[PDB]
Amino acid sequence: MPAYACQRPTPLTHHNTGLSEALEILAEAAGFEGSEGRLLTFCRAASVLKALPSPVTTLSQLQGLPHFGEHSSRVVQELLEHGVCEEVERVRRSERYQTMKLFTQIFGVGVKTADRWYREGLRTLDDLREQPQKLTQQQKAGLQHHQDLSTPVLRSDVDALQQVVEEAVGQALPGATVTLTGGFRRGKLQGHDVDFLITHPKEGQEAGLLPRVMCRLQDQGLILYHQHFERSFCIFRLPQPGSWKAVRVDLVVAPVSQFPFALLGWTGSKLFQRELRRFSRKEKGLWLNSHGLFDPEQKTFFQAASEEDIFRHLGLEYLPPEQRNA
DNA sequence: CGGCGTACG
DNA sequence: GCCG
Ligand SMILES: [Cl-]
Ligand SMILES: [Cl-]
Ligand SMILES: [Cl-]
Ligand SMILES: [Cl-]
Ligand SMILES: [Mn+2]
Ligand code: NA
Ligand code: NA
Ligand code: NA
């Protein structure tokens with residue numbers, strides 16, 4: 001088992017779901033306390049289990065697996081022996097974990113803001129609503145729409161949203177294309193939002209595109225919230241039978257020269273991308289982001305025409321999006 | 001022990 | 001928390 005998640009296929013569904021979910025609780029809890037290192041180790045250990053070809057049934061099966069030391073192995077041992085891990089259950093029922101989870105799930109609220117509200121004594125969404133003086137416009141929108149934004153986005157929602165985005169994109173710039181990215185491109189059947197990547201086959205024609213797209217969506221009455229650029233974090237009005245619901249949508253524009261990097265970067269998973277960038281820098285001495293891949297010795301950028309090109313330049317076997325579910 | 005991804009709004 |  002390779003040490004980096006980008007070196008191994010990780011399918012969406014797997015054979016160690018319960019074990020990985022427990023480790024991901026501890027990762028999330030570490031993040032709420034600002035312990036980025038422990039979050040990463042627990043996320044990586046969870047991801048290793050997702051990549052295994054069969055269920056872990058005995059502690060000896062963890063020997064030799066990367067990212068399993070004393071702590072992660074003890075979590076698994078307790079789950080195998082008793083069905084429950086006391087540390088995980090203690091986190092789950094803790095006031096700190098439940099409130100930080102509630103607050104950070106709000107669009108416009110991160111760990112730092114959640115933590116400050118927690119320390120101020122705030123615990124519920126209504127606590128936040130009964131004091132709007134302390135909220136940004138973004139947080140007001142996230143709180144107003146919180147119920148709808150907590151409802152899973154379904155694949156039927158995605159097709160409808162893609163059609164309306166293409167319509168606006170086609171008026172803003174004929175020839176521009178819209179590509180579905182994020183978790184739905186990895187095969188997820190649900191999500192918390194929908195992610196689209198927009199480009200144009202003629203390098204440079206995409207400049208200035210996103211304001212033009214946004215103005216046209218807003219004129220069609222489809223935008224419940226937008227910041228107003230190359231990235232837009234929107235709340236869309238999605239028609240439903242006899243009504244509608246708010247849905248988070250991310251729109252990102254890239255020039256066609258950068259499209260493979262942006263596609264790779266926005267297709268995820270989040271852990272896969274961090275591991276890929278870590279691998280690139282630490283193992284290959286190359287600097288990767290969603291714009292390109294830089295050789296800092298030669299001071300040159302790798303021209304890629306495909307995601308396949310990028311994996312080859314990094315010396316990695318190609319993984320389709322469905323195997324990037326780290 | 002140092003490192004832990006790397007951007008944009 | 002774990003790796004190198
Ligand atoms: Cl840490
Ligand atoms: Cl409507
Ligand atoms: Cl591609
Ligand atoms: Cl980036
Ligand atoms: Mn998104
Ligand atoms: Na948030
Ligand atoms: Na997404
Ligand atoms: Na980091």
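Naming convention: chains lettered A, B, ... in sequence-line order (proteins, then strands); numbering from 1 in each chain.
- Separating the CD atom of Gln273(A) from the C1' atom of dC8(B) is a distance of 16 Å, rounded to the nearest angstrom.
- Contact annotation: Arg38(A) reaches the phosphate of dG1(C) (side-chain N/O to OP1 or OP2, under 4.0 Å).
- Listed nucleotides: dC2(C), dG4(C), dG5(B). Nearest to the side chain of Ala3(A): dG4(C).
- Computed from coordinates, the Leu210(A) CG to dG9(B) P distance equals 8 Å when rounded to whole Å.
- As a whole-Å value, the separation of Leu40(A) CG from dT6(B) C1' is 13 Å.
- If you check every strand for non-hydrogen atoms under 4.0 Å, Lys282(A) touches sugar and phosphate atoms only.
- On the P atoms, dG5(B) is 16 Å away from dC3(C), given to the nearest whole Å.
- Mapping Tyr4(A) and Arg44(A) onto DNA chain C by nearest heavy atom places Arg44(A) closer to the 5' end of the strand.
- Look at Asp115(A) and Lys112(A) and you find no salt bridge, because none of the NZ, NE, NH1 or NH2 atoms lies under 4.0 Å from a carboxylate O.
- Put simply, NE2 on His71(A) is 14 Å from P on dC3(C), counting in whole angstrom units.
- The nucleotide whose nearest atom lies closest to any side-chain atom of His291(A) is, among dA7(B), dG1(C), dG5(B), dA7(B).
- Taking side-chain N and O atoms only, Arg281(A) has a distance below 4.0 Å to OP1 or OP2 of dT6(B).
- The phosphate of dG9(B) has neither OP1 nor OP2 within less than 4.0 Å of any side-chain N or O from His226(A).
- Considering only side-chain atoms of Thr41(A), the nucleotide from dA7(B), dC2(C), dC4(B) that sits closest is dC2(C).
- Between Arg93(A) and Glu89(A), none of the side-chain N atoms (NZ, or NE/NH1/NH2) sits under 4.0 Å from a carboxylate O, so this pair counts as no salt bridge.
- In terms of phosphate contacts, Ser290(A) brings no side-chain nitrogen or oxygen within less than 4.0 Å of OP1 or OP2 of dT6(B).
- Considering only the side chain of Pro66(A), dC3(C) comes nearest among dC3(C), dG1(C), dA7(B).
- The phosphate of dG5(B) (OP1 or OP2) has no side-chain N or O of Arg277(A) nearer than 4.0 angstrom.
- In this structure, the CZ atom of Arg274(A) is 14 Å from the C1' atom of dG1(C), given to the nearest Å.
- Applying the under-4.5 Å side-chain rule to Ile, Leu, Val, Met, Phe, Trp and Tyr, the cluster around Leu189(A) consists of that residue alone.
- Within 4.0 Å of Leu288(A), counting heavy atoms only, lie sugar-phosphate atoms of the nucleic acid but no base atom.
- Salt-bridge check for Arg38(A) with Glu33(A): failed, with every basic side-chain N at 4.0 Å or more from each acidic carboxylate O.
- Regarding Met1(A), its CE atom lies at a distance of 16 Å from the P atom of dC2(C), rounded to whole Å.
- Taking the six-membered ring wherever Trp is involved, the centroid distance between the rings of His291(A) and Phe261(A) does not fall below 6.0 Å.
- Distance CD (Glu275(A)) to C1' (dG1(C)): 13 Å, rounded to an integer number of Å.
- Between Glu230(A) atom CD and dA7(B) atom P there is a gap of 12 Å when expressed in whole angstrom units.
- Regarding contacts with the backbone of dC2(C), every side-chain N or O of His67(A) stays at 4.0 angstrom or more from both OP1 and OP2.
- Distance from the side chain of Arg278(A) is smallest for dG5(B) among the nucleotides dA7(B), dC2(C), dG5(B).
- Distances shorter than 4.0 Å separate none of the side-chain N or O atoms of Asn289(A) from OP1 or OP2 on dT6(B).
- Ion pair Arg216(A)/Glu166(A) not flagged as a salt bridge, since none of the NZ, NE, NH1 or NH2 atoms sits closer than 4.0 Å to an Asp/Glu carboxylate oxygen.
- Between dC2(C), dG5(B), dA7(B), one nucleotide has an atom nearer to the side chain of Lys270(A) than all others, and that is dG5(B).
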